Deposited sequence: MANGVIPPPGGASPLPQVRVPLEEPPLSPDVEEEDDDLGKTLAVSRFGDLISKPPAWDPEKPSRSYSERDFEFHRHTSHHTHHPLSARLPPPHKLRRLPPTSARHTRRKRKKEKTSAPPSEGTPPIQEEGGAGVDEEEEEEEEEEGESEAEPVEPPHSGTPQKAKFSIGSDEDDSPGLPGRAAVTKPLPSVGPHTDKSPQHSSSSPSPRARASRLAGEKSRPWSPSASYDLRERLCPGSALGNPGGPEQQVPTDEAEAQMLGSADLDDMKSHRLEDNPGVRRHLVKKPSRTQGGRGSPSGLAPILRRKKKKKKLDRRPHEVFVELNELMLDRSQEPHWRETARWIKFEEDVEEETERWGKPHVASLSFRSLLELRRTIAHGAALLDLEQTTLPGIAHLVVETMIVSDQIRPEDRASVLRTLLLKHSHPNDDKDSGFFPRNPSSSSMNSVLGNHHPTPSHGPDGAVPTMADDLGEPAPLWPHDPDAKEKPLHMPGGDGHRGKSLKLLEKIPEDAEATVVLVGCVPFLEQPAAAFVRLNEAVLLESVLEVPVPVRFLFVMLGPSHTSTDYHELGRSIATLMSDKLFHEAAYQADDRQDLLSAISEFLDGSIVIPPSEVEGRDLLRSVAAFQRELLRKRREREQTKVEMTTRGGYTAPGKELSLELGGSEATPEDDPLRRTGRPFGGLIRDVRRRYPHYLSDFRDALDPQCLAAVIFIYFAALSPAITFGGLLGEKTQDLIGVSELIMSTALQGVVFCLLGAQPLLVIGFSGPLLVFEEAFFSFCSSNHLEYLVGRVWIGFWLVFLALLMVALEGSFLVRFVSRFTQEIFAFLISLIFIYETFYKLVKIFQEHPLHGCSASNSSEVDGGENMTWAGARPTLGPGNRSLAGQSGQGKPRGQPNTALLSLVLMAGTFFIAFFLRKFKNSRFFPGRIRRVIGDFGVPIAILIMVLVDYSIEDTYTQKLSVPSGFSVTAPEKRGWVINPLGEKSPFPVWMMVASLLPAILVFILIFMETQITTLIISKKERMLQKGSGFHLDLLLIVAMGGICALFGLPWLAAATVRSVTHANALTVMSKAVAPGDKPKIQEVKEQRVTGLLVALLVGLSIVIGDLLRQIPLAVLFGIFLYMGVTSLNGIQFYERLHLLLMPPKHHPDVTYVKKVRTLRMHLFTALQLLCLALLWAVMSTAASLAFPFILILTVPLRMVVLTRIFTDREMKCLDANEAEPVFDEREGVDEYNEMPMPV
């Protein structure tokens, strides 16, 4: 006929006596894709587990179903009618004596019980998990003194009917299994109930039962279910490694089974990085996919979910801004400071969030840019060249290069930048955070020596070290608290997401308590003014501030433009690639050509006002994306979490940028933060961003004996001595890059990264196997 299959919610009800000896059915276990048992002593629900059967119970079940009486497509609609029909058929099939007809019927008309039978508070919580269109089944297994032989009955109702006071949740029933036998047999009826329920909770078996017509089809379905099972021999499980191989073996077995099924069935039977050719094609394609959703981009942020992010993202886009800028003040003779960096961050962020194609990106100063800033400053103050005027021409060339790269569709080279260079560029970012911290500490200890009885203050070095260590430890332990197993589980996440503000506030109050001790503090000027209003204006003359600019450097400034373009391009395209994956349920569209052009043009224009260039960070962009995802609730117990949807809007980023811009009118309060707390946070970010990259783990695996290596796909398919050779080559390249960065040619490491782009292909294909590269240099997993 039609018999459209539905998902099944299976319940086990067992007959038992009460304290007043009145017999009644009590619920014992429930199946929603996984078994859940009721503990007898404490009367609560245990954790979900895989439903492991036993073989003797399966044999007994097959024998019982072979000798039982089955009713198919019954026309009854009430419990008494179903019970009467069942007892009549049991009488017909010579299973129960007619004299007991009056007795056994009374056993099928008893009240049902449940652990929770206040009720709605858990009834709704269980109804959320169950799929919307699910049809339930009831298994009634128990022993009766007045019977002599076991009797079984399988009933499939013609139409779903809601039997009240039978199940645990209001779901219609479709199937009924009744078993009633004597108590002197060797069979365990709880085991038979568990076996039949685990059979019915399966996918293929329950579909077959939906489409079945007699007992032979039930036997065939039982054989089909048994074909793809795993038998575990009777041996003690001593260690823990013994049961880590079941998943892979089950995967292979079910793969073979599904391949056989697919063969039998066969016998029975918009890339965003593709270049078209039209000039500026990518720009038009990206605009005409994202702009029409403009109204929805604003209407979609009216919920508290989109208000709790702005509170702490503001604290993540601000801490580096006041840190990095300070460093520039120490490195460029206070030509570029915290005020200019904050103004540039705000001004570029608001425009990008109003006109960008991917509003979920937050842009700001990053690690590998201040190194280039310092290198260019060192080069400028060697040949008697003004530092701040050359940046104007660098930006002028950068704006032209961006247009050249966008006009001819060329933002597809990010496909050639594989994991080999991404993991090196992650170590560079995570090592210009630790080095600056451990250099500032040494400088502090040198300026204020530790002799006995401004410069030479008594208790300044050790106090700064203590503040740094305290801030780092607080920020680390709150991060570890975020993913722990304490507290109600939603306050846990909220507290764990405020690690940085809490750490900074605590370690600022501690230093505010201490009096009569000098600790260096932030330098934020009053009002809207340039950090050095004695040698620098707001607009830079493109011809020369103090002396006329040379004409040769006007054209010879092509090389630094190319290097900084390489840096910006890598840092932005990698982030856009990471954000717009398929695992993250990002609807609408992503912009690969409207982000590069906008960022580089804004940087080039902004460098005229003596403000730094910016590039989208790849760590706080992921944090911004994560803070906006909402997970589903219709997930079966014990199943892995599933992302429902990500709220895409351009209102949280705009508000965060505006807040960071307005954070300059509270300078009187921002001048009370000591300069060691910020470096504690600096070191914390540097250390904590290492987790995730495979280069770090393969570097760990150097010190581990080959017996203790994990079972990941890049360690169990390649020999140990080739994994170590790959790691050694990567380390050698990283060390060479650091050496060339630390010498007098510091403004050449972008060229070294571009030269490690094709080393991979040419050399590491001429050496390694075509099969080992897919294991070690894989882009997925």
| item | value |
| --- | --- |
| Gaps in the model, given as deposited-sequence positions counted from residue 1 | 1-313, 431-496, 649-671, 856-893, 1222-1241 |
